[PDB]
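**Q** This is the content of coords-v6.tsv (TSV, N, CA and C atoms):
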chain	number	residue	atom	x	y	z
A	1	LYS	N	0.83	-1.20	0.00
A	1	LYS	CA	0.00	0.00	0.00
A	1	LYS	C	0.87	1.25	0.00
A	2	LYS	N	0.26	2.42	-0.24
A	2	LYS	CA	1.04	3.65	-0.32
A	2	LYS	C	1.48	4.08	1.07
A	3	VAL	N	2.70	4.60	1.16
A	3	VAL	CA	3.26	5.12	2.40
A	3	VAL	C	3.23	6.64	2.30
A	4	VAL	N	2.39	7.27	3.11
A	4	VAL	CA	2.23	8.72	3.10
A	4	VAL	C	2.37	9.28	4.51
A	5	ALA	N	2.81	10.54	4.59
A	5	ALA	CA	2.99	11.18	5.87
A	5	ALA	C	2.60	12.64	5.72
A	6	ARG	N	2.01	13.19	6.77
A	6	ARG	CA	1.55	14.58	6.77
A	6	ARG	C	2.63	15.48	7.37
A	7	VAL	N	2.87	16.62	6.74
A	7	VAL	CA	3.91	17.53	7.23
A	7	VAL	C	3.36	18.26	8.46
A	8	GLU	N	3.97	18.02	9.62
A	8	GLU	CA	3.54	18.63	10.87
A	8	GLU	C	4.28	19.92	11.18
A	9	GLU	N	5.55	19.95	10.80
A	9	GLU	CA	6.35	21.16	11.06
A	9	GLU	C	7.49	21.22	10.05
A	10	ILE	N	7.82	22.44	9.64
A	10	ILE	CA	9.03	22.71	8.81
A	10	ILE	C	10.04	23.23	9.83
A	11	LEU	N	11.13	22.50	10.04
A	11	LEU	CA	12.09	22.85	11.08
A	11	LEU	C	13.20	23.75	10.57
A	12	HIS	N	13.58	23.62	9.30
A	12	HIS	CA	14.76	24.31	8.78
A	12	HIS	C	14.64	24.32	7.26
A	13	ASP	N	14.62	25.51	6.65
A	13	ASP	CA	14.37	25.61	5.21
A	13	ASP	C	15.16	26.77	4.61
A	14	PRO	N	16.42	26.53	4.26
A	14	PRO	CA	17.17	27.52	3.49
A	14	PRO	C	16.58	27.67	2.10
A	15	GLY	N	16.78	28.85	1.52
A	15	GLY	CA	16.39	29.03	0.13
A	15	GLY	C	17.13	28.06	-0.77
A	16	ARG	N	16.43	27.56	-1.78
A	16	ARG	CA	17.01	26.66	-2.78
A	16	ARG	C	17.60	25.41	-2.14
A	17	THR	N	17.05	24.98	-1.01
A	17	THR	CA	17.50	23.81	-0.29
A	17	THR	C	16.28	23.09	0.26
A	18	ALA	N	16.29	21.76	0.18
A	18	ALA	CA	15.15	21.00	0.66
A	18	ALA	C	15.05	21.13	2.17
A	19	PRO	N	13.85	21.36	2.72
A	19	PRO	CA	13.71	21.54	4.16
A	19	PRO	C	13.81	20.25	4.95
A	20	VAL	N	14.19	20.40	6.22
A	20	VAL	CA	13.97	19.39	7.24
A	20	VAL	C	12.55	19.56	7.75
A	21	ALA	N	11.78	18.47	7.75
A	21	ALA	CA	10.40	18.51	8.21
A	21	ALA	C	10.17	17.39	9.21
A	22	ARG	N	9.23	17.61	10.13
A	22	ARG	CA	8.73	16.53	10.95
A	22	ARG	C	7.40	16.09	10.35
A	23	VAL	N	7.27	14.79	10.07
A	23	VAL	CA	6.09	14.26	9.40
A	23	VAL	C	5.45	13.20	10.28
A	24	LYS	N	4.17	12.96	10.04
A	24	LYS	CA	3.41	11.97	10.79
A	24	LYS	C	2.87	10.94	9.82
A	25	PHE	N	3.32	9.70	9.96
A	25	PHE	CA	2.83	8.63	9.10
A	25	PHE	C	1.40	8.26	9.50
A	26	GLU	N	0.74	7.48	8.65
A	26	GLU	CA	-0.67	7.15	8.90
A	26	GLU	C	-0.86	6.30	10.15
A	27	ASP	N	0.18	5.61	10.61
A	27	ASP	CA	0.08	4.89	11.87
A	27	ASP	C	0.28	5.79	13.08
A	28	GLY	N	0.47	7.09	12.88
A	28	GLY	CA	0.67	8.02	13.96
A	28	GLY	C	2.11	8.28	14.34
A	29	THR	N	3.05	7.52	13.78
A	29	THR	CA	4.47	7.70	14.09
A	29	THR	C	4.99	9.01	13.49
A	30	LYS	N	5.76	9.75	14.28
A	30	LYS	CA	6.33	11.03	13.81
A	30	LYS	C	7.84	10.88	13.62
A	31	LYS	N	8.37	11.41	12.53
A	31	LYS	CA	9.82	11.29	12.26
A	31	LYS	C	10.33	12.52	11.52
A	32	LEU	N	11.60	12.85	11.72
A	32	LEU	CA	12.24	13.93	10.94
A	32	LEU	C	12.62	13.31	9.60
A	33	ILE	N	12.42	14.05	8.51
A	33	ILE	CA	12.83	13.64	7.17
A	33	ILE	C	13.25	14.89	6.40
A	34	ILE	N	13.83	14.68	5.22
A	34	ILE	CA	14.02	15.74	4.24
A	34	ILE	C	12.86	15.65	3.26
A	35	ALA	N	12.24	16.79	2.97
A	35	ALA	CA	11.08	16.88	2.09
A	35	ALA	C	11.36	17.85	0.95
A	36	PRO	N	10.65	17.75	-0.17
A	36	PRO	CA	10.96	18.63	-1.30
A	36	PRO	C	10.73	20.09	-0.96
A	37	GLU	N	11.53	20.95	-1.59
A	37	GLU	CA	11.28	22.39	-1.55
A	37	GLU	C	9.82	22.69	-1.89
A	38	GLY	N	9.26	23.66	-1.18
A	38	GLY	CA	7.89	24.08	-1.42
A	38	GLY	C	6.87	23.42	-0.52
A	39	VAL	N	7.24	22.33	0.15
A	39	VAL	CA	6.26	21.69	1.06
A	39	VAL	C	6.00	22.62	2.24
A	40	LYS	N	4.77	22.60	2.73
A	40	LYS	CA	4.37	23.44	3.89
A	40	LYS	C	3.59	22.57	4.87
A	41	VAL	N	3.42	23.08	6.09
A	41	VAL	CA	2.67	22.37	7.12
A	41	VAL	C	1.29	22.02	6.58
A	42	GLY	N	0.90	20.76	6.74
A	42	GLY	CA	-0.37	20.28	6.26
A	42	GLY	C	-0.32	19.59	4.91
A	43	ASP	N	0.75	19.79	4.15
A	43	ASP	CA	0.93	19.00	2.95
A	43	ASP	C	1.15	17.54	3.32
A	44	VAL	N	1.03	16.68	2.32
A	44	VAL	CA	1.26	15.25	2.47
A	44	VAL	C	2.35	14.84	1.48
A	45	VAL	N	3.29	14.02	1.94
A	45	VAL	CA	4.31	13.46	1.07
A	45	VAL	C	4.15	11.95	1.02
A	46	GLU	N	4.61	11.37	-0.07
A	46	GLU	CA	4.63	9.93	-0.24
A	46	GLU	C	6.08	9.48	-0.29
A	47	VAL	N	6.36	8.32	0.32
A	47	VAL	CA	7.63	7.62	0.19
A	47	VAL	C	7.41	6.51	-0.82
A	48	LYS	N	8.10	6.57	-1.95
A	48	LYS	CA	7.84	5.66	-3.06
A	48	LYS	C	9.15	5.13	-3.61
A	49	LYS	N	9.17	3.84	-3.94
A	49	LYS	CA	10.40	3.23	-4.52
A	49	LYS	C	10.60	3.78	-5.93
A	50	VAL	N	11.84	4.05	-6.33
A	50	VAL	CA	12.12	4.58	-7.70
A	50	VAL	C	12.98	3.59	-8.48
B	1	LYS	N	14.43	20.32	-6.35
B	1	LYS	CA	15.04	19.10	-6.89
B	1	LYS	C	14.46	17.87	-6.21
B	2	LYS	N	14.73	16.68	-6.75
B	2	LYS	CA	14.16	15.46	-6.19
B	2	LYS	C	14.85	15.11	-4.88
B	3	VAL	N	14.07	14.62	-3.92
B	3	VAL	CA	14.58	14.17	-2.63
B	3	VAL	C	14.56	12.65	-2.65
B	4	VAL	N	15.74	12.04	-2.65
B	4	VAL	CA	15.87	10.59	-2.70
B	4	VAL	C	16.79	10.10	-1.59
B	5	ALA	N	16.57	8.86	-1.17
B	5	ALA	CA	17.37	8.28	-0.10
B	5	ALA	C	17.57	6.81	-0.42
B	6	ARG	N	18.75	6.30	-0.08
B	6	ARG	CA	19.10	4.91	-0.34
B	6	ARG	C	18.79	4.06	0.89
B	7	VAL	N	18.19	2.89	0.68
B	7	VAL	CA	17.84	2.03	1.81
B	7	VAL	C	19.11	1.35	2.31
B	8	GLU	N	19.51	1.66	3.54
B	8	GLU	CA	20.72	1.10	4.14
B	8	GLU	C	20.45	-0.16	4.94
B	9	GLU	N	19.30	-0.18	5.59
B	9	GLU	CA	18.94	-1.36	6.40
B	9	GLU	C	17.43	-1.45	6.52
B	10	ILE	N	16.93	-2.68	6.53
B	10	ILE	CA	15.49	-2.96	6.83
B	10	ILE	C	15.53	-3.41	8.29
B	11	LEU	N	14.90	-2.65	9.18
B	11	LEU	CA	14.98	-2.92	10.61
B	11	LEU	C	13.86	-3.83	11.09
B	12	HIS	N	12.69	-3.75	10.46
B	12	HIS	CA	11.50	-4.44	10.98
B	12	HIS	C	10.50	-4.53	9.84
B	13	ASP	N	10.10	-5.74	9.45
B	13	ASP	CA	9.25	-5.92	8.28
B	13	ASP	C	8.30	-7.09	8.48
B	14	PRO	N	7.16	-6.84	9.12
B	14	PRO	CA	6.10	-7.85	9.17
B	14	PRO	C	5.52	-8.09	7.78
B	15	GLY	N	4.99	-9.29	7.58
B	15	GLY	CA	4.28	-9.55	6.35
B	15	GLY	C	3.10	-8.60	6.20
B	16	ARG	N	2.85	-8.17	4.97
B	16	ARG	CA	1.71	-7.31	4.64
B	16	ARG	C	1.73	-6.01	5.45
B	17	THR	N	2.92	-5.55	5.82
B	17	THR	CA	3.09	-4.33	6.59
B	17	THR	C	4.32	-3.60	6.07
B	18	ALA	N	4.23	-2.29	5.95
B	18	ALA	CA	5.36	-1.53	5.43
B	18	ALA	C	6.51	-1.58	6.42
B	19	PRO	N	7.74	-1.81	5.96
B	19	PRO	CA	8.88	-1.92	6.87
B	19	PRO	C	9.35	-0.59	7.44
B	20	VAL	N	9.99	-0.68	8.60
B	20	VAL	CA	10.85	0.38	9.10
B	20	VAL	C	12.22	0.21	8.45
B	21	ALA	N	12.73	1.28	7.85
B	21	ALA	CA	14.02	1.23	7.19
B	21	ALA	C	14.88	2.40	7.66
B	22	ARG	N	16.19	2.20	7.64
B	22	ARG	CA	17.11	3.31	7.80
B	22	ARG	C	17.59	3.69	6.41
B	23	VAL	N	17.46	4.97	6.06
B	23	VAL	CA	17.80	5.44	4.72
B	23	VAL	C	18.85	6.54	4.83
B	24	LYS	N	19.57	6.74	3.73
B	24	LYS	CA	20.62	7.75	3.66
B	24	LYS	C	20.28	8.72	2.55
B	25	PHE	N	20.04	9.97	2.91
B	25	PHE	CA	19.75	10.99	1.91
B	25	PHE	C	21.02	11.35	1.15
B	26	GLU	N	20.86	12.07	0.04
B	26	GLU	CA	22.02	12.38	-0.80
B	26	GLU	C	23.03	13.29	-0.11
B	27	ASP	N	22.61	14.02	0.91
B	27	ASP	CA	23.57	14.80	1.69
B	27	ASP	C	24.31	13.97	2.72
B	28	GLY	N	24.06	12.66	2.78
B	28	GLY	CA	24.72	11.79	3.72
B	28	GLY	C	23.98	11.58	5.03
B	29	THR	N	22.91	12.33	5.27
B	29	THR	CA	22.15	12.19	6.51
B	29	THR	C	21.39	10.87	6.53
B	30	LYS	N	21.42	10.19	7.67
B	30	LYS	CA	20.71	8.89	7.81
B	30	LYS	C	19.52	9.07	8.75
B	31	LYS	N	18.38	8.49	8.39
B	31	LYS	CA	17.17	8.63	9.24
B	31	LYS	C	16.31	7.37	9.14
B	32	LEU	N	15.57	7.08	10.21
B	32	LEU	CA	14.60	5.98	10.18
B	32	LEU	C	13.36	6.54	9.48
B	33	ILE	N	12.73	5.75	8.62
B	33	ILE	CA	11.48	6.09	7.96
B	33	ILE	C	10.66	4.82	7.78
B	34	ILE	N	9.41	4.99	7.37
B	34	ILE	CA	8.60	3.88	6.87
B	34	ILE	C	8.70	3.90	5.35
B	35	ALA	N	8.95	2.73	4.76
B	35	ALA	CA	9.14	2.58	3.33
B	35	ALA	C	8.15	1.56	2.78
B	36	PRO	N	7.84	1.59	1.48
B	36	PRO	CA	6.83	0.66	0.95
B	36	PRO	C	7.27	-0.79	1.10
B	37	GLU	N	6.28	-1.66	1.27
B	37	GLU	CA	6.51	-3.10	1.19
B	37	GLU	C	7.29	-3.45	-0.07
B	38	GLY	N	8.21	-4.40	0.07
B	38	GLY	CA	9.00	-4.85	-1.06
B	38	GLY	C	10.35	-4.17	-1.19
B	39	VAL	N	10.54	-3.04	-0.51
B	39	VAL	CA	11.87	-2.37	-0.61
B	39	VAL	C	12.91	-3.26	0.07
B	40	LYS	N	14.12	-3.24	-0.47
B	40	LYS	CA	15.24	-4.02	0.10
B	40	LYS	C	16.48	-3.13	0.18
B	41	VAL	N	17.48	-3.58	0.93
B	41	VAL	CA	18.72	-2.83	1.08
B	41	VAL	C	19.29	-2.54	-0.30
B	42	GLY	N	19.65	-1.28	-0.53
B	42	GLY	CA	20.19	-0.85	-1.79
B	42	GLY	C	19.18	-0.23	-2.73
B	43	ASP	N	17.89	-0.44	-2.48
B	43	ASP	CA	16.89	0.29	-3.23
B	43	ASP	C	16.97	1.77	-2.89
B	44	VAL	N	16.32	2.58	-3.72
B	44	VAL	CA	16.23	4.02	-3.52
B	44	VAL	C	14.76	4.40	-3.45
B	45	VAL	N	14.42	5.26	-2.50
B	45	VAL	CA	13.07	5.80	-2.40
B	45	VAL	C	13.12	7.30	-2.62
B	46	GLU	N	12.00	7.84	-3.09
B	46	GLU	CA	11.83	9.26	-3.25
B	46	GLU	C	10.77	9.75	-2.28
B	47	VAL	N	10.99	10.94	-1.71
B	47	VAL	CA	9.99	11.65	-0.92
B	47	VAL	C	9.41	12.72	-1.84
B	48	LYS	N	8.12	12.61	-2.13
B	48	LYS	CA	7.49	13.46	-3.14
B	48	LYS	C	6.17	13.99	-2.61
B	49	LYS	N	5.89	15.26	-2.89
B	49	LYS	CA	4.60	15.87	-2.44
B	49	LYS	C	3.47	15.25	-3.26
B	50	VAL	N	2.32	14.99	-2.63
B	50	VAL	CA	1.16	14.40	-3.37
B	50	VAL	C	-0.03	15.37	-3.34
Could you quickly redo this structure as structure tokens?
**A**
Amino acid sequence: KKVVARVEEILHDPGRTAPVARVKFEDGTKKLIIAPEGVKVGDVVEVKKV
Amino acid sequence: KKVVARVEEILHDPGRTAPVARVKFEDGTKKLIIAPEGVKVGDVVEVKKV
């Protein structure tokens, strides 16, 4: 199934640099990750194999 | 730019459940995340806004 997490906080976001975000997975687990530029609190990201 | 991380270790993987993995982002940072079922060490995942 799809692995998605909601952006809870943007912790550190330099210009032209991907931010550090704290995200919450659908099981309720919260973790720090790197997320694409432009993401904001309340957005959702997917972790997908490439 | 794209945010990708290489799967370094599968820490916990129940059947029919997404595994806990330790991944390494392109800047060298390592973090625990949830990754899709079927991912194995050496695969690459992308974090993408949906």
**Q** May I have chain A as a PDB file with N, CA and C atoms, in the frame of the given file, after a least-squares superposition on chain B that uses all C-alpha atoms paired in order?
**A**
ATOM      1  N   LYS A   1      14.433  20.316  -6.351  1.00  0.00           N
ATOM      2  CA  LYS A   1      15.038  19.100  -6.885  1.00  0.00           C
ATOM      3  C   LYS A   1      14.456  17.870  -6.202  1.00  0.00           C
ATOM      4  N   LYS A   2      14.734  16.677  -6.748  1.00  0.00           N
ATOM      5  CA  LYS A   2      14.157  15.461  -6.186  1.00  0.00           C
ATOM      6  C   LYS A   2      14.853  15.109  -4.881  1.00  0.00           C
ATOM      7  N   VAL A   3      14.075  14.619  -3.921  1.00  0.00           N
ATOM      8  CA  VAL A   3      14.581  14.172  -2.630  1.00  0.00           C
ATOM      9  C   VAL A   3      14.562  12.649  -2.647  1.00  0.00           C
ATOM     10  N   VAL A   4      15.741  12.042  -2.652  1.00  0.00           N
ATOM     11  CA  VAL A   4      15.875  10.590  -2.702  1.00  0.00           C
ATOM     12  C   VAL A   4      16.797  10.103  -1.591  1.00  0.00           C
ATOM     13  N   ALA A   5      16.573   8.858  -1.159  1.00  0.00           N
ATOM     14  CA  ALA A   5      17.376   8.285  -0.106  1.00  0.00           C
ATOM     15  C   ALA A   5      17.571   6.812  -0.418  1.00  0.00           C
ATOM     16  N   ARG A   6      18.745   6.302  -0.081  1.00  0.00           N
ATOM     17  CA  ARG A   6      19.095   4.904  -0.342  1.00  0.00           C
ATOM     18  C   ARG A   6      18.788   4.057   0.893  1.00  0.00           C
ATOM     19  N   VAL A   7      18.194   2.893   0.681  1.00  0.00           N
ATOM     20  CA  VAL A   7      17.836   2.030   1.811  1.00  0.00           C
ATOM     21  C   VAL A   7      19.115   1.349   2.311  1.00  0.00           C
ATOM     22  N   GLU A   8      19.513   1.658   3.544  1.00  0.00           N
ATOM     23  CA  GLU A   8      20.720   1.102   4.139  1.00  0.00           C
ATOM     24  C   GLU A   8      20.451  -0.156   4.947  1.00  0.00           C
ATOM     25  N   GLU A   9      19.292  -0.178   5.592  1.00  0.00           N
ATOM     26  CA  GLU A   9      18.944  -1.358   6.404  1.00  0.00           C
ATOM     27  C   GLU A   9      17.426  -1.443   6.518  1.00  0.00           C
ATOM     28  N   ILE A  10      16.928  -2.675   6.527  1.00  0.00           N
ATOM     29  CA  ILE A  10      15.494  -2.960   6.827  1.00  0.00           C
ATOM     30  C   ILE A  10      15.529  -3.409   8.286  1.00  0.00           C
ATOM     31  N   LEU A  11      14.902  -2.647   9.176  1.00  0.00           N
ATOM     32  CA  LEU A  11      14.982  -2.926  10.605  1.00  0.00           C
ATOM     33  C   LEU A  11      13.860  -3.826  11.087  1.00  0.00           C
ATOM     34  N   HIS A  12      12.684  -3.751  10.467  1.00  0.00           N
ATOM     35  CA  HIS A  12      11.502  -4.441  10.981  1.00  0.00           C
ATOM     36  C   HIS A  12      10.499  -4.528   9.836  1.00  0.00           C
ATOM     37  N   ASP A  13      10.101  -5.746   9.455  1.00  0.00           N
ATOM     38  CA  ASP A  13       9.248  -5.922   8.276  1.00  0.00           C
ATOM     39  C   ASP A  13       8.291  -7.093   8.480  1.00  0.00           C
ATOM     40  N   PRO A  14       7.155  -6.845   9.125  1.00  0.00           N
ATOM     41  CA  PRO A  14       6.101  -7.856   9.172  1.00  0.00           C
ATOM     42  C   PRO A  14       5.523  -8.086   7.788  1.00  0.00           C
ATOM     43  N   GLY A  15       4.993  -9.288   7.585  1.00  0.00           N
ATOM     44  CA  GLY A  15       4.275  -9.544   6.345  1.00  0.00           C
ATOM     45  C   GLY A  15       3.094  -8.604   6.199  1.00  0.00           C
ATOM     46  N   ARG A  16       2.851  -8.169   4.970  1.00  0.00           N
ATOM     47  CA  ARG A  16       1.712  -7.307   4.643  1.00  0.00           C
ATOM     48  C   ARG A  16       1.732  -6.015   5.450  1.00  0.00           C
ATOM     49  N   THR A  17       2.915  -5.542   5.824  1.00  0.00           N
ATOM     50  CA  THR A  17       3.091  -4.329   6.591  1.00  0.00           C
ATOM     51  C   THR A  17       4.322  -3.608   6.067  1.00  0.00           C
ATOM     52  N   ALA A  18       4.231  -2.284   5.953  1.00  0.00           N
ATOM     53  CA  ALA A  18       5.355  -1.525   5.435  1.00  0.00           C
ATOM     54  C   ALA A  18       6.507  -1.583   6.423  1.00  0.00           C
ATOM     55  N   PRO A  19       7.744  -1.811   5.960  1.00  0.00           N
ATOM     56  CA  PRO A  19       8.875  -1.923   6.873  1.00  0.00           C
ATOM     57  C   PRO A  19       9.343  -0.594   7.432  1.00  0.00           C
ATOM     58  N   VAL A  20       9.989  -0.674   8.597  1.00  0.00           N
ATOM     59  CA  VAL A  20      10.851   0.380   9.102  1.00  0.00           C
ATOM     60  C   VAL A  20      12.212   0.206   8.450  1.00  0.00           C
ATOM     61  N   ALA A  21      12.727   1.279   7.846  1.00  0.00           N
ATOM     62  CA  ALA A  21      14.021   1.233   7.183  1.00  0.00           C
ATOM     63  C   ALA A  21      14.874   2.395   7.661  1.00  0.00           C
ATOM     64  N   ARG A  22      16.193   2.201   7.641  1.00  0.00           N
ATOM     65  CA  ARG A  22      17.107   3.310   7.802  1.00  0.00           C
ATOM     66  C   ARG A  22      17.598   3.692   6.412  1.00  0.00           C
ATOM     67  N   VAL A  23      17.462   4.974   6.060  1.00  0.00           N
ATOM     68  CA  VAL A  23      17.797   5.446   4.723  1.00  0.00           C
ATOM     69  C   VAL A  23      18.851   6.535   4.827  1.00  0.00           C
ATOM     70  N   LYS A  24      19.569   6.736   3.733  1.00  0.00           N
ATOM     71  CA  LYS A  24      20.616   7.746   3.664  1.00  0.00           C
ATOM     72  C   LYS A  24      20.279   8.716   2.551  1.00  0.00           C
ATOM     73  N   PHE A  25      20.039   9.970   2.910  1.00  0.00           N
ATOM     74  CA  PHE A  25      19.744  10.986   1.907  1.00  0.00           C
ATOM     75  C   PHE A  25      21.022  11.346   1.145  1.00  0.00           C
ATOM     76  N   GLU A  26      20.859  12.069   0.043  1.00  0.00           N
ATOM     77  CA  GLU A  26      22.017  12.382  -0.807  1.00  0.00           C
ATOM     78  C   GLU A  26      23.026  13.288  -0.113  1.00  0.00           C
ATOM     79  N   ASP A  27      22.614  14.021   0.918  1.00  0.00           N
ATOM     80  CA  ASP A  27      23.570  14.800   1.690  1.00  0.00           C
ATOM     81  C   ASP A  27      24.314  13.964   2.720  1.00  0.00           C
ATOM     82  N   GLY A  28      24.065  12.660   2.780  1.00  0.00           N
ATOM     83  CA  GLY A  28      24.716  11.789   3.722  1.00  0.00           C
ATOM     84  C   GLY A  28      23.987  11.577   5.029  1.00  0.00           C
ATOM     85  N   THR A  29      22.914  12.328   5.274  1.00  0.00           N
ATOM     86  CA  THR A  29      22.147  12.193   6.514  1.00  0.00           C
ATOM     87  C   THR A  29      21.382  10.866   6.532  1.00  0.00           C
ATOM     88  N   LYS A  30      21.424  10.182   7.669  1.00  0.00           N
ATOM     89  CA  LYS A  30      20.716   8.892   7.812  1.00  0.00           C
ATOM     90  C   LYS A  30      19.521   9.064   8.752  1.00  0.00           C
ATOM     91  N   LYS A  31      18.383   8.492   8.396  1.00  0.00           N
ATOM     92  CA  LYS A  31      17.174   8.629   9.239  1.00  0.00           C
ATOM     93  C   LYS A  31      16.314   7.375   9.148  1.00  0.00           C
ATOM     94  N   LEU A  32      15.576   7.081  10.211  1.00  0.00           N
ATOM     95  CA  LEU A  32      14.593   5.978  10.178  1.00  0.00           C
ATOM     96  C   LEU A  32      13.357   6.539   9.485  1.00  0.00           C
ATOM     97  N   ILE A  33      12.732   5.743   8.618  1.00  0.00           N
ATOM     98  CA  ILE A  33      11.479   6.095   7.956  1.00  0.00           C
ATOM     99  C   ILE A  33      10.661   4.818   7.781  1.00  0.00           C
ATOM    100  N   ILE A  34       9.408   4.982   7.362  1.00  0.00           N
ATOM    101  CA  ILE A  34       8.596   3.879   6.867  1.00  0.00           C
ATOM    102  C   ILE A  34       8.704   3.897   5.349  1.00  0.00           C
ATOM    103  N   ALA A  35       8.954   2.732   4.760  1.00  0.00           N
ATOM    104  CA  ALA A  35       9.137   2.575   3.321  1.00  0.00           C
ATOM    105  C   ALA A  35       8.146   1.557   2.773  1.00  0.00           C
ATOM    106  N   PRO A  36       7.839   1.587   1.480  1.00  0.00           N
ATOM    107  CA  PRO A  36       6.833   0.659   0.956  1.00  0.00           C
ATOM    108  C   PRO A  36       7.267  -0.787   1.101  1.00  0.00           C
ATOM    109  N   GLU A  37       6.275  -1.660   1.275  1.00  0.00           N
ATOM    110  CA  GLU A  37       6.508  -3.101   1.195  1.00  0.00           C
ATOM    111  C   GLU A  37       7.291  -3.447  -0.071  1.00  0.00           C
ATOM    112  N   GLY A  38       8.210  -4.393   0.071  1.00  0.00           N
ATOM    113  CA  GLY A  38       9.005  -4.852  -1.055  1.00  0.00           C
ATOM    114  C   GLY A  38      10.347  -4.170  -1.189  1.00  0.00           C
ATOM    115  N   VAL A  39      10.545  -3.041  -0.511  1.00  0.00           N
ATOM    116  CA  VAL A  39      11.868  -2.378  -0.608  1.00  0.00           C
ATOM    117  C   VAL A  39      12.912  -3.254   0.074  1.00  0.00           C
ATOM    118  N   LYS A  40      14.122  -3.236  -0.465  1.00  0.00           N
ATOM    119  CA  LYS A  40      15.248  -4.026   0.100  1.00  0.00           C
ATOM    120  C   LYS A  40      16.476  -3.125   0.183  1.00  0.00           C
ATOM    121  N   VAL A  41      17.477  -3.578   0.937  1.00  0.00           N
ATOM    122  CA  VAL A  41      18.723  -2.835   1.084  1.00  0.00           C
ATOM    123  C   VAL A  41      19.294  -2.540  -0.296  1.00  0.00           C
ATOM    124  N   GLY A  42      19.655  -1.282  -0.525  1.00  0.00           N
ATOM    125  CA  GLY A  42      20.190  -0.852  -1.791  1.00  0.00           C
ATOM    126  C   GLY A  42      19.175  -0.228  -2.731  1.00  0.00           C
ATOM    127  N   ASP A  43      17.888  -0.443  -2.486  1.00  0.00           N
ATOM    128  CA  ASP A  43      16.888   0.291  -3.233  1.00  0.00           C
ATOM    129  C   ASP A  43      16.969   1.771  -2.889  1.00  0.00           C
ATOM    130  N   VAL A  44      16.320   2.579  -3.714  1.00  0.00           N
ATOM    131  CA  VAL A  44      16.237   4.019  -3.515  1.00  0.00           C
ATOM    132  C   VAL A  44      14.759   4.402  -3.446  1.00  0.00           C
ATOM    133  N   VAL A  45      14.414   5.263  -2.494  1.00  0.00           N
ATOM    134  CA  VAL A  45      13.068   5.801  -2.398  1.00  0.00           C
ATOM    135  C   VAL A  45      13.113   7.303  -2.622  1.00  0.00           C
ATOM    136  N   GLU A  46      12.000   7.838  -3.081  1.00  0.00           N
ATOM    137  CA  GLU A  46      11.835   9.268  -3.256  1.00  0.00           C
ATOM    138  C   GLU A  46      10.777   9.745  -2.276  1.00  0.00           C
ATOM    139  N   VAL A  47      10.993  10.939  -1.707  1.00  0.00           N
ATOM    140  CA  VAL A  47       9.999  11.658  -0.924  1.00  0.00           C
ATOM    141  C   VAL A  47       9.407  12.712  -1.840  1.00  0.00           C
ATOM    142  N   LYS A  48       8.118  12.611  -2.132  1.00  0.00           N
ATOM    143  CA  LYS A  48       7.488  13.460  -3.137  1.00  0.00           C
ATOM    144  C   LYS A  48       6.168  13.990  -2.609  1.00  0.00           C
ATOM    145  N   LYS A  49       5.892  15.262  -2.888  1.00  0.00           N
ATOM    146  CA  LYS A  49       4.605  15.868  -2.443  1.00  0.00           C
ATOM    147  C   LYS A  49       3.468  15.254  -3.257  1.00  0.00           C
ATOM    148  N   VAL A  50       2.321  14.991  -2.636  1.00  0.00           N
ATOM    149  CA  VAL A  50       1.157  14.400  -3.365  1.00  0.00           C
ATOM    150  C   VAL A  50      -0.022  15.368  -3.343  1.00  0.00           C
TER     151      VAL A  50
END
**Q** Just need the residues of chain A within 6 Å of chain B, counting only C-alpha atoms, so spit them out as a PyMOL selection string.
**A** chain A and resi 3+36+44-50
**Q** Find the spatial neighbours of residue 9 in chain A, counting only C-alpha atoms, within a cut-off of 6 Å - ignore same-chain residues fewer than 4 positions away - and output them as an MDAnalysis selection string.
**A** chainID A and resid 21:22 41
**Q** CA of residue 8 in chain B and atom C of residue 24 in chain B are how many Å apart?
**A**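 According to the coordinates, CA of residue 8 in chain B and atom C of residue 24 in chain B are separated by 7.8 Å.
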**Q** Suppose you want the space between CA of residue 13 in chain B and CA of residue 28 in chain B; what is it in Å?
**A**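 Atom-to-atom, CA of residue 13 in chain B and CA of residue 28 in chain B are spaced 24.0 Å apart.
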**Q** Record the distance separating atom N of residue 10 in chain A and atom N of residue 42 in chain A, expressed in Å with one decimal.
**A**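 It comes out at 7.7 Å.
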**Q** Check range 5-41 of chain A with DSSP on the backbone and list each residue it calls strand (DSSP E or B), as a list in words.
**A**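 Of range 5-41 of chain A, only residues 5, 6, 7, 8, 9, 10, 11, 12, 20, 21, 22, 23, 24, 25, 30, 31, 32, 33 and 34 of chain A fall in strand (DSSP E or B).
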**Q** Take range 41-45 of chain A, model N, CA, C and O atoms, and hand the result over as a short mmCIF file (atom, residue, chain, number, x, y, z; two decimals), in the coordinates of the input.
**A**
data_model
loop_
_atom_site.label_atom_id
_atom_site.label_comp_id
_atom_site.auth_asym_id
_atom_site.auth_seq_id
_atom_site.Cartn_x
_atom_site.Cartn_y
_atom_site.Cartn_z
N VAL A 41 3.42 23.08 6.09
CA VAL A 41 2.67 22.37 7.12
C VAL A 41 1.29 22.02 6.58
O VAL A 41 0.59 22.87 6.02
N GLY A 42 0.90 20.76 6.74
CA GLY A 42 -0.37 20.28 6.26
C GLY A 42 -0.32 19.59 4.91
O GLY A 42 -1.28 18.90 4.55
N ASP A 43 0.75 19.79 4.15
CA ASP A 43 0.93 19.00 2.95
C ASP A 43 1.15 17.54 3.32
O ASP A 43 1.38 17.19 4.49
N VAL A 44 1.03 16.68 2.32
CA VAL A 44 1.26 15.25 2.47
C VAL A 44 2.35 14.84 1.48
O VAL A 44 2.33 15.27 0.32
N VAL A 45 3.29 14.02 1.94
CA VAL A 45 4.31 13.46 1.07
C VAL A 45 4.15 11.95 1.02
O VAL A 45 3.61 11.32 1.94
#
